[PDB]
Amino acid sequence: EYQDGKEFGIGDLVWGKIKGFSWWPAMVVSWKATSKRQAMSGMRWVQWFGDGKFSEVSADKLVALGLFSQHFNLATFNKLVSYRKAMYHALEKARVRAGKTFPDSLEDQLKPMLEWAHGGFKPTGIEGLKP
């Protein structure tokens, strides 16, 4: 599955861009997770953080979550609680994968995770976000 010459494999944390939305964090999943169909060549099933829905998205409309500063939308973050919730769930997954720990509102748990992400996911850097 996903042998089409494009990047992103199962478990990869990504930003996904679907028409009419900010870049949104997601995880690349197997089509078997979706209960739908195999993805067309050149596409990936992703599951969006925050709402848990599945979309078939072109691999060219995906970027690594680790490219964080570049794709994080501060306006969307300020405007939408659903986006903030998505960030939390996405960064929590990132955090556990990287072996990272932080020292309790949504915005308060989020604060150091966001700082971590925005700052480059130190000390591991983005290699720590790998599945």
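Sequential numbering from 1, following the sequence displayed.
- Note: missing coordinates for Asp104 occur in a third or more of the other compared entries bracketing this position.
- The modelled chain breaks between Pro103 and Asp104, where 4 to 9 residues of the deposited sequence lack coordinates.
- Relative to one another, 59-67 and 46-54 have unequal mean CA B-factors, and 59-67 is the one with the higher figure.
- The mean Cα B-factor in the deposited entry runs higher for 29-37 than for the other of 85-93 and 29-37.
- Per the deposited record, the Cα B-factor of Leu110 falls in the highest third when ranked against the other modelled residues of its chain.
- Among the modelled residues of the chain, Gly11 sits in the lowest third by CA temperature factor in this PDB entry.
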